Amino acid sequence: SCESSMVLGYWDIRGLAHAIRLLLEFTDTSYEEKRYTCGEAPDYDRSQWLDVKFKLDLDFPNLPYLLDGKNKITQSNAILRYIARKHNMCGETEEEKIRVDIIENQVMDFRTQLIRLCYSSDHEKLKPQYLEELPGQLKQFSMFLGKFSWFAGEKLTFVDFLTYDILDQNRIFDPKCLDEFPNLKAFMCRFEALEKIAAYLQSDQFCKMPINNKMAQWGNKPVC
């Protein structure tokens, strides 16, 4: 077998590693996972990471990180691109590549706003603003997707895993958001229907993972 057992290191949180875990699962990539715990008390003790931080031989110590033998990667999009590239899950044609590159950076812009909103102490007063602006962003994703099966056109690429993650989080924040967009809703089902994804989504550990880290003003606790 492949038996790579590449180690994925990140917090004991869904967060950024969610799209990576899903990609690994989907592509049957043999991996070992290393989860870092955080402090729950006012002093969010993250020493568990800091102790080994400078001992992993990473060029830019960060989380998540992936150690695949001689290849040690950091930065989420670099990890996704890496694994995906190995399974040809990137755009093949110039047109598909362009779409992939736009999506990758676009979901980054989207996710950032959400993270900011969820972690901020002003989360509540800011909440309405995010919501009143939400349909506009979802609108653009629906318009971009159109009649395609995947965001890259008719080919599943890493960007679908990214898009799913952020649309899911928003779905959790406001279940009704995707309703006026039957286009997106079809995408979500089609993605969760993939054998590897479906199995993982029903998995025990998956259910016990918080959306965001303990210091987040939202999603810091395990949900269903």
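Heads up: residue numbers just count along the shown sequence, starting at 1.
- Between 190 to 198 and 36 to 44, it is 36 to 44 that carries the larger average Cα temperature factor according to the deposited entry.
- Stretches compared: 87 to 95, 123 to 131. Higher mean C-alpha B-factor in the entry: 123 to 131.
- Per the deposited record, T29 carries the highest C-alpha B-factor of all listed residues (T157, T29, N183, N62).
- Per the PDB entry, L117 shows the highest C-alpha temperature factor of the residues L138, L145, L117, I79.
- When the modelled residues of the chain are ordered by their C-alpha B factor, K70 lands in the middle third.
- When all modelled residues of the chain are sorted by CA temperature factor, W11 is found within the middle third.
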